[PDB]
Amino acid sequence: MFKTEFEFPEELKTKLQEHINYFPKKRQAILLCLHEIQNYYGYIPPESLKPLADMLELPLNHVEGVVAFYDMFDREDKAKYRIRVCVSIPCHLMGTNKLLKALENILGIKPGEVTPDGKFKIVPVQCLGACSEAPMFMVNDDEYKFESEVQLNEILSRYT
């Protein structure tokens, strides 16, 4: 039942301080910090907002409103690698369905679901700005065009 108070490890905290020192005002760093936290933990820990707020020198409710507004930041699910799949036009014309199916075949999950392992989550997103090379998806920061199931499987094998 007991839980340890939340702290950022030092390596992560250093990067957060870097972002906070980067802009002329501290509170401008909020999104860079949240991006950094999500890549580190595979999500946004609810406990993490209070320490972040103190570093940003903001009220907690401010940070809470920001996290809520940008739904891409995920407080509910932990996933090491987020597979962002474009479900927009014109990707829908160029075979988003095929990609989704291949993802389901390989990983056994549908959009919005996380693997039991907890390493992969499929997130449906709007246009990724790579429409000429549709259908399009991202694995964390890396971005690729989908060709075939075997091609997709090889790409995914690179994330471990």
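Numbering starts at 1 and runs along the sequence shown.
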property: Mean C-alpha temperature factor, higher of 129-137 and 48-56; result: 48-56
property: Between the two ranges 25-33 and 98-106, the one averaging a larger CA B factor in the entry; result: 98-106
property: Selection by C-alpha B-factor (highest) of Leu93, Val114, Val66, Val123; result: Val114
property: Ranked against its chain, the third holding the CA B-factor of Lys78; result: highest
property: Position of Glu143 among the chain's modelled residues by C-alpha B-factor, lowest, middle or highest third; result: lowest
